[PDB]
Each structure stands twice: as C-alpha cells, then as structure tokens.
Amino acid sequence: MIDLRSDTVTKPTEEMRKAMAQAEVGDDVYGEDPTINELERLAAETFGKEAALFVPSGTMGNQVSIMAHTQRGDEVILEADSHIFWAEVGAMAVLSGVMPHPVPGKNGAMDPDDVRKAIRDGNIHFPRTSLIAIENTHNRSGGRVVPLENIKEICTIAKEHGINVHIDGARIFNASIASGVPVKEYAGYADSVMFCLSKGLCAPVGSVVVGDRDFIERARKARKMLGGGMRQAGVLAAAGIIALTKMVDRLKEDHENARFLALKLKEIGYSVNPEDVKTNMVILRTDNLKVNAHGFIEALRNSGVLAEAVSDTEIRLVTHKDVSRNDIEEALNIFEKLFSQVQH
C-alpha cells in the first residue's frame, strides 16, 4: 500500500527509536522529566517565545490554547474550513463554552476586513470576541500557505482590540519551508502557536504549544484537566527533539514529491492544478470522472493507493517521509491505469 492519506502516518526513524530507548526520563507532573524540559526549551527558543508545553496531540494543543485564552461565553473567530471547527469534535463548545465565528477565507487567508466585521461590539446580546485563530498551512484548501502579510494585518487588528491570536501551526514548518519565513517570525504575530511533531516531522506522538509564561501556565493546568499530564513522557520527547531539530529541512522533499505527483496527474488527464501545490498536499477533483470521490477512493484502495475524500467531489493526497519518489512513480502508474476506467 502507498499511503497518501495523511502525513500523520509517518513512522519513527531509526535515530528516533534509539533515542526513545535511551531517553532520560522523570515525572513530568513534577516538572522532572529532563527530556521533556529540553524539548520545551528548544521549542520556545525556536519560536522566539518565553515558554512551551508538550501535549499528546495537536487537538489538545489547540484546545488548551483556546481554554487559556478565553472565558465562558466568548467567541473565537476562525476560518470556516479550519481544523478547529471542522475536525476537533466540537471541543471548543464543550471544553471552553465558546462559540466559533466561522469566516470563509481564500486558501486559508481570512480577508482582514471580514475579520474586523466579525468582532462583536460590546452589547449585552453578544458574546465577547477574545480570540482569532489562523491555520498555517491551511489543511482543507490543499496545504496552502497563508501569507505573512495576512497574519500581520490580523495581528494589527487584534492589537487594536486587545484580542488574542492563536496560530494553528500543525504544519507551520511546511509553511516556513515553502515561504522562507522563519517560524519565529510567524510566531511574533501571535500570542500562541501550536505545532505538531507527529506529522511531517515524523515523531510518533505529540505537538507543542508556545507562548508567554503566564499563558503557558494556564495552558498547562488546562492540560492537566483534559488528561494530558503524563509521567515519563521523555520517551516521546526524545523523538520529538529529533523531529524538531533534524527533520525540518527534508520537508522540501515532500514538497517536491507533491508537486511532481500533481504535474503528472495533470498530464494523465486528472482535474489537478499543479500551480496550487505549494507544500505536501494535492487536491484532485472528480468533475471529469464518472465516479464521485468516494468511489474513486475505493477503486484506488483496491489498486494499492490510500487517500481520503474531503468532499463528494474532492480527494486529498498527502506526501511525507514514508512515501519516496519511487512510491510516487508507482502510484502514478496506478493512477494512469485507472484513468480510462473512471473518466467521463
């Protein structure tokens, strides 16, 4: 099977497996795991922030950030197709008692004027707007890179109102590799950033939240409440340090493989826009096929290629360390064989 479903399926490198076996550990509830502590120090340093917090998932990273930024009855502005709204189980309503205010963007970029219009006036009928969340890269639109200028303008709006800014940077190193913007420059326009270790950077488990000391203290207590306060989690942090410090540069290979995949899919005749492919994701539309996305996914699966439908007419293909150029070429031979069987 060639697995193009997600970059979460990456398996740990040999260096990571060794580091996990040899990890120096302690009880993180007492702040005594030295490898967790070093991962958090490195993460804060990398992002230009005072403090950092390891969490067992990107979902938890986002939700403790929302909890630490908000009070009950607040409203959170976020992009209408972003992960926090789409695919985090409604946690923001249950855990934090906040409402989402979905703003449809273009490729993850909310028009700053629409962000302005979404902020609630001080009026007894309205929730209090206390948080704006930005996702970079933006998953649903195809791993698109949100321009730094968009983040800067939204930060400017937030400072005018006293509103917190959170970046869902699950794939912020993919954004950085594609744009040349260092992650600490994105992070300078936010109060908090969540970034994942367990996607393209190939750690088996985890993400990190970075921000100011007082915010991270609140987020750490939120983590305890949600159940993310682990014991000898240095076993995980050992792999996370390798992910953060050694696995960023090679994300360029995933980007090259996704672009090559898209170029050749277009040549075959599929509805793909290679010009849209800036990081490790390709959106393929079924408009010129007689099957819908779900039927094409099943046909691919039966032919040895795993992918996911993100709508009835769109499939998402995701590259990562565990699909090589050889694997991409094999997948393309499978896509080529299938095209005459599914074309309209």
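The first residue of the sequence shown is number 1, and the count goes up from there.
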| query | finding |
| --- | --- |
| Stretch exceeding the other in mean C-alpha B-factor - 61-69, 277-285 | 277-285 |
| Mean C-alpha B-factor comparison - 298-306 and 48-56, higher one | 298-306 |
| Deposited CA B-factor, highest of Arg325, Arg17, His320, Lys11 | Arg325 |
| Member of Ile132, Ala238, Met225, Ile268 with the greatest C-alpha B factor (per the PDB record) | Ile268 |
| Chain third (lowest, middle, highest) by recorded CA B-factor, residue given as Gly162 | highest |
| Modelled-residue ranking by C-alpha temperature factor, third containing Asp27 | lowest |
| Third of chain Cα B-factors occupied by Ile77 | lowest |
| Chain third (lowest, middle, highest) by recorded CA B-factor, residue given as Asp113 | highest |
| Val291 - Cα temperature factor, lowest/middle/highest third of chain | highest |
